[PDB]
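# Understanding the architecture of this molecule
The residues making up each chain are set out below.
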Amino acid sequence: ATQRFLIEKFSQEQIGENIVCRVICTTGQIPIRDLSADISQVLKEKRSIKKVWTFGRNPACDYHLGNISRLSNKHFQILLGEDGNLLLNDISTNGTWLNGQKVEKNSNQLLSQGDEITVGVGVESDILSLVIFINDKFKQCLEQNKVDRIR
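- Its PDB record attributes the structure to solution NMR.

Here is the structure:
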């Protein structure tokens, strides 16, 4: 009974193809998704940004939620830049929360491991939480920062 484990493990396998961060809903409302950015572009681009994700009720948004009026089309956005460091940018009409602490809108914050962002604050029964998972594999690549190079 190990072969089957491999198949099941494949779906929930440690991804590191070019993964940036993973979004996981704990309140059971939005389905898990995988956020990612290409390393070549990150190591190549010498700017203060590589790729940013937008989350909200917008079908365009990099993250499609259920349908909560309390949340905006693009409730929040996540940016990826620097030497692998990740940043979280809130962009909600009502506000974005971090572990119960409301952060400044359209503001950059230092991402946290397995962090969680809460949204739709105002009504105890109208708040939705989201958990962010950072890919350890990606961090390993950035930590070493190896420019292409062959053997």
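### Comments concerning the side chain of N58
- Its location among the elements puts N58 in the loop between β3 (51–56) and β4 (63–64).
- Given a relative accessible area of 17%, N58 falls into the buried group.
- Polar side-chain contacts of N58 include one of 2.6 Å to the side chain of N73.

### Examining the sheet that holds strand β5 (residues 76–80)
- In spatial order, the strands read β4-β3-β5-β6-β9; together these five strands make up an open sheet with mixed pairing. Because the sheet does not close on itself, it has two edges, and the strands there are β4 and β9 (108–110).
- The sheet contact formed by β5 and strand β6 (residues 86–90) spans five bridges and is antiparallel. By the bridge assignment for β6, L80 is matched with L86.

### Some remarks on the pairing of β5
- Burial analysis of β5 places four of its five residues in the buried class, which makes it a mostly covered element.
- Both β3 and β5 contribute to a ladder of five bridges, which runs antiparallel. Its bridge partner being in β5, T54 is matched across the sheet by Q77.
- Where β5 hands over to β6, the hairpin turn is made up of five residues, of which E82 adopts a positive phi near 60°.

### Considerations on the side chain of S72
- Mapped onto the elements, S72 comes out in the loop between β4 and β5.
- You can call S72 buried: its relative accessible area is 11%.
- Setting aside residues no more than four positions away along its own chain, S72 makes contact with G56, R57, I91, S92 and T93.

### Re the sheet that holds strand β7 (residues 96–98)
- The antiparallel open sheet is built from six strands, whose spatial order is β2-β1-β11-β10-β7-β8. At either margin of the open sheet sits one strand with a lone partner, and together these are β2 (33–36) and β8 (101–102).
- Where strand β1 (residues 19–24) and β2 come together, four bridges link them in antiparallel fashion. Directly across from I19, in β2, lies its bridge partner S36.

Analysis parameters
Residues numbered from 1 in each chain as written, not as in the entry; some residues may be left out. Heavy atoms only, no water. Helix = DSSP H or I, 4+ residues; strand = E, 2+ residues; numbered from the N terminus. Buried < 20%, exposed > 50% of the residue type's maximum accessible area, 1.4 Å probe, protein only. Polar contact = N/O pair within 3.5 Å; in protein donor to acceptor, adjacent residues only side chain to side chain. Pairing = 2+ DSSP bridges. Contact = heavy atoms within 4.5 Å.

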